[PDB]
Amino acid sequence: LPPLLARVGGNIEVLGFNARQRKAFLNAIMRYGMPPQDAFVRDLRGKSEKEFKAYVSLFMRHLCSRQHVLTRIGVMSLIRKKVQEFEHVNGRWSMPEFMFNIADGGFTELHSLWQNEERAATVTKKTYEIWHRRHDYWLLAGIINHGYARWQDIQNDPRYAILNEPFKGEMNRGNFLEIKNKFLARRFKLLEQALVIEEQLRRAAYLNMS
């Protein structure tokens, strides 16, 4: 109901939103992506649902850092599709107290990585201590529950303790929290690619026919 463009108290408000709300919004979009139609907001605490969608749809038109926001919003949607695809069979706890695949068609090293990694996880039976396909699901699951590139919030969550298990050897190293963060970032960057490639493969399979 507020005006798209207005001047109140010495500042410009876009649909009732001040810069503080306007900046906060973007920060929460880069971190979580777009809420799917509806979903659970700090500076925007007082904002209502009525005003919320007013901004989103108005933000949408704007989109079509312009590309930056576009890709981050899309990527986070790709991750949400994948996690939801297998959420049921895997549960919500990595190490309690399984199924996962990404169809990149062999265009990223992932499938070759997964093969070698899963060989050792099975022959040694050390499932949680050898990073493999299983760990990438829970890495992706964390990126949704906790946000984009939130390695520390993900690590501290018991739900994703599997991500910590392959690195118990270097707990005494001063840089410990870094080595982990550098592995997760280098890993998620690959997953990001495979996720995007799988989408381009699904979309081209339709030959541009809905």
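All residue numbers refer to positions in the sequence shown, first residue = 1.
Trainee: Might you work out how many residues are unmodelled in the deposited sequence between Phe40 and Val41, and answer none, 1 to 3, 4 to 9, or 10 or more?
Mentor: According to the record, 4 to 9 deposited residues lack coordinates from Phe40 to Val41.
Trainee: Going by the PDB record, how many residues of the deposited sequence fall between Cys64 and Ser65 without any coordinates: none, 1 to 3, 4 to 9, or 10 or more?
Mentor: The entry has 10 or more unmodelled residues between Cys64 and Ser65.
Trainee: Mean CA B-factor: is it higher for 52-60 or for 160-168?
Mentor: Going by the record's values, the stretch with the higher mean is 52-60.
Trainee: Decide which of the stretches 189-197 and 9-17 has the higher mean C-alpha B-factor, going by the entry.
Mentor: Mean B over CA atoms: larger for 9-17.
Trainee: Between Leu140, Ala121, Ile102, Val89, where does the Cα B-factor run highest in the record?
Mentor: It is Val89.
Trainee: In the PDB entry, which of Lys180, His68, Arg150, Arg173 has its C-alpha at the highest B-factor?
Mentor: The record points to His68.
Trainee: Against its chain's modelled residues, does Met30's Cα B factor rank lowest, middle or highest third?
Mentor: Its C-alpha B-factor belongs to the middle third of this chain's values.
Trainee: By the recorded C-alpha temperature factor, relative to the other modelled residues in its chain, which third is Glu85 in?
Mentor: Within its chain, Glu85 is a middle-third residue by C-alpha B-factor, going by the deposited values.
Trainee: By the record's CA B-factor, is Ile154 among the lowest, middle or highest third of residues in the chain?
Mentor: Tercile = lowest for this residue's CA B-factor.
Trainee: Please rank the C-alpha B-factors of the chain's modelled residues and tell me whether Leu184 sits in the lowest, middle or highest third.
Mentor: For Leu184, the deposited C-alpha B-factor lands in the lowest third.
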